[PDB]
Amino acid sequence: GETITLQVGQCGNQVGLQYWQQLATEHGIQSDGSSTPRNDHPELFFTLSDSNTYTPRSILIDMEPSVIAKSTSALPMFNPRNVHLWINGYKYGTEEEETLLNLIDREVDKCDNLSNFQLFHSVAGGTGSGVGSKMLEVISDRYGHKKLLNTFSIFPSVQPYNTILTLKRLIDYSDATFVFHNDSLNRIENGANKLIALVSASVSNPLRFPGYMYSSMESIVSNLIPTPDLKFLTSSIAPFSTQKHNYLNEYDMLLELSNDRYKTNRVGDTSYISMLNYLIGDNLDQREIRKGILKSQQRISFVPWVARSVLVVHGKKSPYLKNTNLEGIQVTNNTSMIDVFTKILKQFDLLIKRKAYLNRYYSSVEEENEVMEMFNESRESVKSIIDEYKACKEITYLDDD
Amino acid sequence: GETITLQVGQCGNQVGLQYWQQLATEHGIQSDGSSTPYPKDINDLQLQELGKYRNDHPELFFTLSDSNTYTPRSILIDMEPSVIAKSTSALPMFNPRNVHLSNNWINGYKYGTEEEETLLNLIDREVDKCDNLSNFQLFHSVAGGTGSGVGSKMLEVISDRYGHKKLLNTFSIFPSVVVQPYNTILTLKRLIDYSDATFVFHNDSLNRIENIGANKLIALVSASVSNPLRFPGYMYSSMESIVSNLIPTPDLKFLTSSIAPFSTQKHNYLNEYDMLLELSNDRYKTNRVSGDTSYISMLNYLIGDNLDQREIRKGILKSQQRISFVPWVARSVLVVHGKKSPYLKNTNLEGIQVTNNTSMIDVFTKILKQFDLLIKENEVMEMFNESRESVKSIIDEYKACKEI
Amino acid sequence: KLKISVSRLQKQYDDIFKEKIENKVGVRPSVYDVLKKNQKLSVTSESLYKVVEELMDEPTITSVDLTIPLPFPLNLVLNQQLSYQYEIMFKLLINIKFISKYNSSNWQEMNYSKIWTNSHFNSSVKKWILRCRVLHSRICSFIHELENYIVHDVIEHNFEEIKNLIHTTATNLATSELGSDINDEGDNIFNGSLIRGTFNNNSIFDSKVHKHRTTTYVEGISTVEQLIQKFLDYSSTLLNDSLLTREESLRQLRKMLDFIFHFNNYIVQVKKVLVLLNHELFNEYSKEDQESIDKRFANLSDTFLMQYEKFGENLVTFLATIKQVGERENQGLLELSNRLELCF
Amino acid sequence: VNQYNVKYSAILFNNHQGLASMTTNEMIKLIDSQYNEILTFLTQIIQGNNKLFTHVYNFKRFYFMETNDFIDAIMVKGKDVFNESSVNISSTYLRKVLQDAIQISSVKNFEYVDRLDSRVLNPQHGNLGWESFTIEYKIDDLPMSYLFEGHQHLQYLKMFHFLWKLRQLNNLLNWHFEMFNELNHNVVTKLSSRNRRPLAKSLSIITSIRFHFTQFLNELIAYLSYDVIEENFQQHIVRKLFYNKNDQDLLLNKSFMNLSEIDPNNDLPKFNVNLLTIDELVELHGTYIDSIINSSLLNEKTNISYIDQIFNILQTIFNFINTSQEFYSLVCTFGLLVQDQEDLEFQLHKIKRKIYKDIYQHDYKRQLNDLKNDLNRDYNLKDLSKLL
């Protein structure tokens, strides 16, 4: 089925520009939307006119026109009709609810069979994070739960308040949320949006370049989310490619994809809940992959109550990329989320006991009570998810004792 | 049949000039009246190695002279000569004989009454050139001065001089000053009494569409309504047949039109299926319509070469469920497969939707409220009372339309 | 099978597969263009588990088949025996694909449907839901592992050899002229060659020698007989590797697929029951007693436990069967046994 | 033909000594060359000078009702001639009607306006003009007329008859609308306020019933025109002639053989259209007509056919029109009056009751419900059932 991309905020718009440039390069679509000389299926991400032009399905949302202007000028094939221009931002989103609801309904009507909503946004984006938090609520309300949502939220490197307020709605409404940290991205680079764009583009490779299996997003996601509570994913990318000293075999890709240094978020000891590895090359040797799967299963520490299966998808490289060597992406579901969530909660508590900057949000007695109850609910939800991820680790998870 | 166009008032003349230039462009008739040779048909395939003949009906509007010169069937009525001078200069094809030259509605109405014989002679002269006349088209503004009074008097004169044996449309433009509400109600009284089908255009909603001039949109809608007549197809091809499909009773005669703006921007509609869904949007209707509206009749125009039947069928099926039909009217959506003029180089589709919904309750309510506020020889006050009662006579009727 | 109109599936398949855009006269059609319109998908009375038993209602998926008539002479190489072995694989793969599509949709509801995602359940129902979600996750992972083995470890891996061989043969023939010249001498042997009579003694040598040694597929396929034989061997490999050739493997596979399908149906019927348990949503759904609620939960306890233990039994038997068959005959099944054992 | 005779006699009798003195390979090659040349010239005539596609398009334009303006002109001009019995109509009146309708409509600029000709088929006493008039497109001046056997033309006149009835009713409803709308302004709105309200209500009821009937007829015509006639034309004529008839023999690329030579010569054109035999042309046009006449809705297959139900609804509409004329006369007699008032009011109530209850509620809604339920049993007609 078709997918709709939502871009919110300055960071979201920049990441989306890189993402769409990568996708258009992979499908050979020119900057003006004209084709270049089919077995691939860009229709899932591009709308095809009866004049042979490809335009992205994405929707651009931002508080200021400079970022949107840069993005549109860089890629002229964006449709201008889809362009629209913390608590203050969220209340502003309430005012524009009708316009945005109709704007999204236009894209849904334009496609034939909708599958999922992609969202590119930054949790630490301030006002834009507020408008994206409202976007999740309105979409989930109007379209129910038949269509799932995927959020490629960028985590932060007064900010604690914003991170908690955005994470409350991220937990409530998102169906499968990727976690990216600028710290680990710049550590890997030792710009940064080119890693997120690459990971997001590769995550959907089996859909755009069909093969024997994994033809739908339901199959890709369902392998990684045993419970709707544990919805945060850790993504790992192998950087050593296109150099002379590349990984010599896909088997070494499978073994060295699990290194903790390549993960896109700060990690000690972790337990894996689910696994799925992407291998993308013109030709793939099966016996190497079998040996690598066996070693990966014998090496990785799974939680007791999970089936303990490692899945390797055999992605196909784009014809428009000339004979490049193998590359691969790893997406995992770990219990390492407790560390980052604990860090966020510690910062939030430290800055909530001290009334440092709450004057910018508490306007009156009723506003004080409103913000206090909202903050308490967000804190309780985050603690609930931490406790759930902690109870997953132990062996008595399925016991009623 | 034949159609006679009458333009009254400055706004009416401004709209009519572009309406006639649009028609002349579609039919390949130059501004001097000279005709252009007809290009070969596109779907009339022919074997291949590897002048007066036509298949349209332009003469339904233009009088074809013995010297192969076309001339519109238009009559221009107003008092200020500047607009008429501009219109004639832009289009020399207009017949000078057809031009007639001379704020309070009463003054204009009395002027029309005193000089009714000359205008009537002009109408009869235009009719005499027509064999098997079909209908009259009126372009006038409900409020604005000359247009209101003169158009109302011409409405009455035409209605009673021919025994109402031919239907009479009305492309009225509603206003977006102390005298304006009086003029609006006074003209709407005669619109109720005499007009057979009224196309309500609201200037504020036209400005809302534009910012995404205002007369160009009116000209486009008016010149696209009659597309089946000028390019005959399987269905309709008669002005009475189109109107009769949207007017269930004489009272529910007020129609409103929706326009798809993006006929030229390179991000135009992908296909017919997309445009069928986009036409129902309330942001491009020419009359402000709320969410409590209900539709009495549906009619969609499609203008393009070799439209895909699968897309149209699927679009009709999807759009039928979305539309909220009045309980006592069967769910029916009709699509007109118009033919694009071969003279036009643009290959993009255009589509105009004409609807008969119940949103008129709010519009006439606003007009009535403004009139009531402003009210707070004696003959004129009696006419005001009569107009108030006549307007209420269809206010309550459109309200009752909701009920089985 | 009988509770649905057969003629509708044909049309709903042709809209997907054999859609067309025409081309002008003189423009050559592609071979894919020619073979698209040939194919026909029809429902047959012979179910998969019955038709495969011969060459040792149920839901319609068990009985939907696909046939492709072929032009002359292409049908001589794609002999009917080869197409029949292809059709069996089509039926098996459609069964597994359908179950995977039933495992994804049920996973969408189990996680995000309002009734399941409701927070206002009591602790007991919460733990019951958690157990059910974990069990369904195990079933999903098992099915994806089985499908991965069948499709990548059996079909693609074997097909690589044929693809390489056929490419080599195409390149070999591209440079080869059509028609070969044969020359001969005057053959003056006459009486030195007639050897008239009953016969010579050379007949014993012809029988003594053997010609069972042919390998290395040098310079690609050189005889049409080998061309047909390669594909027949490929189809036989596909059937043998898949768990359809032995009786133990086929029986275990049939039990496993039946159990998974019935579990999905039971999951669907569960959605109705959960409405009555919690109150916050029962009032909303009823718009259109403690003892009774306790009875409902007690019934669900035993039903869910039965499904859980049945899954364990089927898994144990299936692994044992694969292990014995892989150790005896098939190399491909042995590594699958190792992988599944390392899973659970 | 003479040039061809000389050319190929110079091969049979000069290059060789007859068919007997020819090896089988050369004889087959000669016959193949003759076949290609002959069919090339047959195309260059039939689809060339004769313009087969243009005349088939005109057949579809006129017989299948496409130029609705011309037929509206005929019906408005002949609204009095067709009223009398089929025996009374003479040739001169038909010619006058046809010429007036040609001048009024847009066919006067049509290229082949001369070929048009009207006729009456069966001048029976019991048949009115509407039940016998048929428009005939003369193609006798071309050799193409010998390919098109009379059976095809008879099936072209049957389908025209059905479509003619439908459009006759569609236009009668327009005249009904105009006359009642004019009467509303002339009588009802000027009547005394005491009895204006009941008459206004009755008139509104009548006009709403007319609107319902018009919607039904328009949907039926739209379905036929843009799903049966147009789809069949584009699928069986345009796609057979101009697009490639891809076949299993066209699949084989013979250029794997060296085949450096080409025959008969570069002088023989390639013609952008499939080379069809005479029997192939006859079969092509026969199948194109048969598909339309024997469509799903128009086939003869409640143990009743769809055509019978449609015709029953059409008879309902005819009865409605005939009774509405009586209502027209009674209300205009009510207008003229302003003890007779009570009698006229009673008759008005009786007529309104008859039309509202019997014709609409008792007959039309019941028949339409049965027809809608019948259509849902068919996959093809389910979509039409939802609208119609």
# chains A, B, ... in the order shown; residues from 1 in each chain; ligands from 1
>>> interface_residues(of="chain B", to="chain D", cutoff="8 Å", atoms="only C-alpha atoms", output="count of residues only")
47
>>> interface_residues(of="chain A", to="chain C", cutoff="6 Å", atoms="only C-alpha atoms", output="number ranges by chain")
A: 145, 218, 226, 228, 307-309
>>> closest_atom_pairs(of="chain C", to="chain D", cutoff="12 Å", atoms="only C-alpha atoms", output="Markdown table")
| residue | atom | partner | partner_atom | distance |
| --- | --- | --- | --- | --- |
| C:5 | CA | D:379 | CA | 10.1 |
| C:6 | CA | D:379 | CA | 11.6 |
| C:7 | CA | D:379 | CA | 9.0 |
| C:8 | CA | D:379 | CA | 7.7 |
| C:9 | CA | D:379 | CA | 11.4 |
| C:10 | CA | D:379 | CA | 11.9 |
| C:11 | CA | D:379 | CA | 9.8 |
| C:12 | CA | D:379 | CA | 11.2 |
| C:21 | CA | D:243 | CA | 10.2 |
| C:22 | CA | D:243 | CA | 6.5 |
| C:23 | CA | D:243 | CA | 5.8 |
| C:24 | CA | D:243 | CA | 4.5 |
| C:25 | CA | D:244 | CA | 4.1 |
| C:26 | CA | D:244 | CA | 6.6 |
| C:27 | CA | D:244 | CA | 7.3 |
| C:28 | CA | D:251 | CA | 7.6 |
| C:29 | CA | D:246 | CA | 6.5 |
| C:30 | CA | D:251 | CA | 7.6 |
| C:31 | CA | D:251 | CA | 6.8 |
| C:32 | CA | D:251 | CA | 10.2 |
| C:33 | CA | D:246 | CA | 8.8 |
| C:34 | CA | D:248 | CA | 7.2 |
| C:35 | CA | D:248 | CA | 9.4 |
| C:36 | CA | D:246 | CA | 11.9 |
| C:37 | CA | D:246 | CA | 10.6 |
| C:38 | CA | D:248 | CA | 10.5 |
| C:69 | CA | D:248 | CA | 11.7 |
| C:70 | CA | D:248 | CA | 9.3 |
| C:71 | CA | D:248 | CA | 6.3 |
| C:72 | CA | D:248 | CA | 8.1 |
| C:73 | CA | D:248 | CA | 10.2 |
| C:74 | CA | D:248 | CA | 10.5 |
| C:173 | CA | D:256 | CA | 10.4 |
| C:174 | CA | D:256 | CA | 9.1 |
| C:175 | CA | D:256 | CA | 11.0 |
| C:176 | CA | D:256 | CA | 10.4 |
| C:177 | CA | D:258 | CA | 8.9 |
| C:178 | CA | D:257 | CA | 6.9 |
| C:179 | CA | D:257 | CA | 9.6 |
>>> closest_atom_pairs(of="chain A", to="chain B", cutoff="9 Å", atoms="only C-alpha atoms", output="JSON lines")
{"residue": "A:47", "atom": "CA", "partner": "B:270", "partner_atom": "CA", "distance": 8.1}
{"residue": "A:48", "atom": "CA", "partner": "B:270", "partner_atom": "CA", "distance": 7.2}
{"residue": "A:49", "atom": "CA", "partner": "B:270", "partner_atom": "CA", "distance": 4.7}
{"residue": "A:50", "atom": "CA", "partner": "B:270", "partner_atom": "CA", "distance": 6.2}
{"residue": "A:51", "atom": "CA", "partner": "B:270", "partner_atom": "CA", "distance": 8.3}
{"residue": "A:55", "atom": "CA", "partner": "B:267", "partner_atom": "CA", "distance": 8.8}
{"residue": "A:77", "atom": "CA", "partner": "B:267", "partner_atom": "CA", "distance": 9.0}
{"residue": "A:79", "atom": "CA", "partner": "B:267", "partner_atom": "CA", "distance": 6.5}
{"residue": "A:80", "atom": "CA", "partner": "B:267", "partner_atom": "CA", "distance": 8.4}
{"residue": "A:81", "atom": "CA", "partner": "B:267", "partner_atom": "CA", "distance": 8.5}
{"residue": "A:106", "atom": "CA", "partner": "B:278", "partner_atom": "CA", "distance": 8.1}
{"residue": "A:109", "atom": "CA", "partner": "B:277", "partner_atom": "CA", "distance": 7.5}
{"residue": "A:110", "atom": "CA", "partner": "B:274", "partner_atom": "CA", "distance": 6.2}
>>> write_last_selection(atoms="N, CA, C and O atoms", output="mmCIF file, in the first residue's frame")
data_model
loop_
_atom_site.group_PDB
_atom_site.id
_atom_site.type_symbol
_atom_site.label_atom_id
_atom_site.label_comp_id
_atom_site.auth_asym_id
_atom_site.auth_seq_id
_atom_site.Cartn_x
_atom_site.Cartn_y
_atom_site.Cartn_z
ATOM 1 N N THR A 47 3.407 10.256 -6.528
ATOM 2 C CA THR A 47 2.182 10.310 -7.316
ATOM 3 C C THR A 47 2.536 10.494 -8.785
ATOM 4 O O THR A 47 3.251 11.437 -9.142
ATOM 5 N N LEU A 48 2.028 9.606 -9.632
ATOM 6 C CA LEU A 48 2.329 9.622 -11.058
ATOM 7 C C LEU A 48 1.173 10.273 -11.808
ATOM 8 O O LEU A 48 0.025 9.831 -11.694
ATOM 9 N N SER A 49 1.482 11.322 -12.564
ATOM 10 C CA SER A 49 0.503 11.993 -13.401
ATOM 11 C C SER A 49 0.434 11.332 -14.775
ATOM 12 O O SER A 49 1.312 10.560 -15.167
ATOM 13 N N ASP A 50 -0.626 11.653 -15.517
ATOM 14 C CA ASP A 50 -0.778 11.129 -16.869
ATOM 15 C C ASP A 50 0.005 11.982 -17.860
ATOM 16 O O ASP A 50 -0.230 11.914 -19.072
ATOM 17 N N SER A 51 0.932 12.796 -17.347
ATOM 18 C CA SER A 51 1.919 13.491 -18.163
ATOM 19 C C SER A 51 3.334 13.053 -17.797
ATOM 20 O O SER A 51 4.302 13.734 -18.149
ATOM 21 N N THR A 55 5.766 13.315 -8.274
ATOM 22 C CA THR A 55 5.828 14.284 -7.197
ATOM 23 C C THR A 55 5.718 13.582 -5.848
ATOM 24 O O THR A 55 4.927 12.642 -5.706
ATOM 25 N N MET A 77 10.162 19.680 -7.672
ATOM 26 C CA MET A 77 9.014 18.815 -7.920
ATOM 27 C C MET A 77 8.079 18.693 -6.718
ATOM 28 O O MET A 77 7.047 18.024 -6.840
ATOM 29 N N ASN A 79 5.023 19.702 -4.523
ATOM 30 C CA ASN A 79 3.775 20.399 -4.810
ATOM 31 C C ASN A 79 3.588 21.533 -3.808
ATOM 32 O O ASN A 79 3.467 21.271 -2.608
ATOM 33 N N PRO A 80 3.551 22.798 -4.247
ATOM 34 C CA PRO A 80 3.362 23.899 -3.286
ATOM 35 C C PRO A 80 2.057 23.824 -2.518
ATOM 36 O O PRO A 80 1.981 24.358 -1.405
ATOM 37 N N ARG A 81 1.025 23.183 -3.069
ATOM 38 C CA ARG A 81 -0.258 23.110 -2.380
ATOM 39 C C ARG A 81 -0.160 22.396 -1.038
ATOM 40 O O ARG A 81 -1.015 22.614 -0.172
ATOM 41 N N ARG A 106 -6.798 15.410 1.807
ATOM 42 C CA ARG A 106 -6.543 15.487 0.371
ATOM 43 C C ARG A 106 -5.570 14.403 -0.076
ATOM 44 O O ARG A 106 -5.823 13.696 -1.060
ATOM 45 N N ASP A 109 -7.232 10.971 0.074
ATOM 46 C CA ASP A 109 -8.114 10.761 -1.067
ATOM 47 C C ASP A 109 -7.329 10.535 -2.352
ATOM 48 O O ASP A 109 -7.772 9.783 -3.227
ATOM 49 N N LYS A 110 -6.164 11.172 -2.486
ATOM 50 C CA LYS A 110 -5.411 11.059 -3.730
ATOM 51 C C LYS A 110 -4.840 9.659 -3.933
ATOM 52 O O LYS A 110 -4.735 9.198 -5.074
#
>>> select_by_dssp(residues="stretch 34-181 of chain B", states="helix (DSSP H, G or I)", output="VMD selection string")
chain B and resid 58 to 60 81 to 90 96 to 98 105 to 114 116 to 128 146 to 161 180 to 181
>>> closest_residue(among="A:99, A:202, A:115, A:94", to="residue A:278", atoms="only C-alpha atoms")
A:202
>>> residues_around(residues="stretch 32-41 of chain D", least_positions_apart="4", cutoff="7 Å", atoms="only C-alpha atoms", output="list in words")
residues 28, 45, 264, 275 and 277 of chain D
>>> atom_distance(atom1="atom CA of residue A:28", atom2="atom CA of residue A:215")
21.4 Å
>>> residues_around(residues="stretch 368-383 of chain A", least_positions_apart="4", cutoff="7 Å", atoms="only C-alpha atoms", output="VMD selection string")
chain A and resid 164 to 165 168 362 to 364 387
>>> write_last_selection(atoms="N, CA, C and O atoms", output="compact mmCIF listing (two decimals), in the first residue's frame")
# COMPACT_ATOMS: atom_id res chain seq x y z
N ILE A 164 9.67 15.95 27.54
CA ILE A 164 8.66 15.16 28.24
C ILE A 164 7.28 15.38 27.62
O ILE A 164 6.51 14.42 27.42
N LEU A 165 6.96 16.63 27.28
CA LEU A 165 5.65 16.92 26.71
C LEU A 165 5.48 16.25 25.35
O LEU A 165 4.40 15.76 25.03
N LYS A 168 5.17 12.26 25.81
CA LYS A 168 3.87 11.75 26.24
C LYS A 168 3.00 11.39 25.04
O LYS A 168 2.47 10.27 24.95
N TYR A 362 3.40 29.07 32.84
CA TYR A 362 2.35 29.27 33.84
C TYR A 362 1.93 30.74 33.80
O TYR A 362 2.67 31.62 34.25
N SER A 363 0.74 30.99 33.26
CA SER A 363 0.23 32.35 33.11
C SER A 363 -0.69 32.78 34.24
O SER A 363 -0.75 33.98 34.54
N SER A 364 -1.39 31.85 34.88
CA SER A 364 -2.32 32.19 35.95
C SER A 364 -2.53 30.95 36.81
O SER A 364 -1.87 29.93 36.63
N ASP A 387 9.01 1.15 33.52
CA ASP A 387 8.73 -0.05 34.31
C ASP A 387 8.37 -1.23 33.41
O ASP A 387 8.78 -2.36 33.69
>>> residues_around(residues="stretch 371-374 of chain B", least_positions_apart="3", cutoff="10 Å", atoms="only C-alpha atoms", output="MDAnalysis selection string")
chainID B and resid 178:185 365:368 384 388
>>> decode(residues="stretch 168-185 of chain C", atoms="N, CA, C and O atoms", output="compact mmCIF listing (two decimals), in the first residue's frame")
# COMPACT_ATOMS: atom_id res chain seq x y z
N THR C 168 24.52 -18.51 -19.76
CA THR C 168 25.68 -19.00 -20.50
C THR C 168 25.26 -19.57 -21.85
O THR C 168 25.92 -19.34 -22.87
N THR C 169 24.16 -20.33 -21.87
CA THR C 169 23.70 -20.91 -23.13
C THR C 169 23.26 -19.83 -24.11
O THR C 169 23.51 -19.93 -25.32
N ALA C 170 22.57 -18.80 -23.61
CA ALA C 170 22.16 -17.70 -24.48
C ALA C 170 23.37 -17.03 -25.11
O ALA C 170 23.40 -16.77 -26.32
N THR C 171 24.40 -16.75 -24.30
CA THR C 171 25.60 -16.13 -24.85
C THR C 171 26.29 -17.05 -25.85
O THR C 171 26.80 -16.59 -26.87
N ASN C 172 26.31 -18.36 -25.57
CA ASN C 172 26.94 -19.29 -26.50
C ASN C 172 26.22 -19.31 -27.84
O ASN C 172 26.86 -19.30 -28.90
N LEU C 173 24.88 -19.34 -27.83
CA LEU C 173 24.15 -19.42 -29.08
C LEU C 173 24.14 -18.09 -29.83
O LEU C 173 24.04 -18.08 -31.06
N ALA C 174 24.26 -16.97 -29.12
CA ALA C 174 24.22 -15.67 -29.79
C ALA C 174 25.28 -15.57 -30.88
O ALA C 174 25.04 -14.98 -31.94
N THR C 175 26.46 -16.13 -30.64
CA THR C 175 27.58 -16.02 -31.57
C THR C 175 27.64 -17.18 -32.56
O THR C 175 28.59 -17.24 -33.35
N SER C 176 26.67 -18.08 -32.55
CA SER C 176 26.71 -19.30 -33.35
C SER C 176 25.82 -19.16 -34.58
O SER C 176 24.64 -18.81 -34.45
N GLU C 177 26.38 -19.42 -35.75
CA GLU C 177 25.61 -19.37 -36.99
C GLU C 177 24.49 -20.41 -36.96
O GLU C 177 24.48 -21.33 -36.14
N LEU C 178 23.54 -20.24 -37.87
CA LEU C 178 22.45 -21.19 -38.05
C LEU C 178 22.75 -22.09 -39.24
O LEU C 178 23.06 -21.60 -40.33
N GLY C 179 22.68 -23.40 -39.03
CA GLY C 179 22.97 -24.35 -40.09
C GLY C 179 24.44 -24.69 -40.16
O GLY C 179 25.29 -23.80 -40.17
N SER C 180 24.76 -25.99 -40.22
CA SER C 180 26.13 -26.47 -40.20
C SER C 180 26.39 -27.33 -41.43
O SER C 180 25.53 -28.10 -41.85
N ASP C 181 27.58 -27.18 -42.01
CA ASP C 181 27.97 -27.93 -43.20
C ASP C 181 28.63 -29.24 -42.80
O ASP C 181 29.49 -29.26 -41.90
N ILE C 182 28.25 -30.32 -43.46
CA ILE C 182 28.79 -31.65 -43.21
C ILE C 182 29.41 -32.16 -44.50
O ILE C 182 28.75 -32.20 -45.54
N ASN C 183 30.68 -32.56 -44.42
CA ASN C 183 31.42 -33.07 -45.57
C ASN C 183 31.81 -34.52 -45.34
O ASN C 183 31.82 -35.02 -44.22
N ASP C 184 32.14 -35.20 -46.44
CA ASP C 184 32.52 -36.61 -46.39
C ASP C 184 33.43 -36.94 -47.56
O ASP C 184 33.43 -36.25 -48.59
N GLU C 185 34.21 -38.01 -47.40
CA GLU C 185 35.11 -38.49 -48.44
C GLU C 185 34.36 -39.40 -49.42
O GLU C 185 33.14 -39.60 -49.32
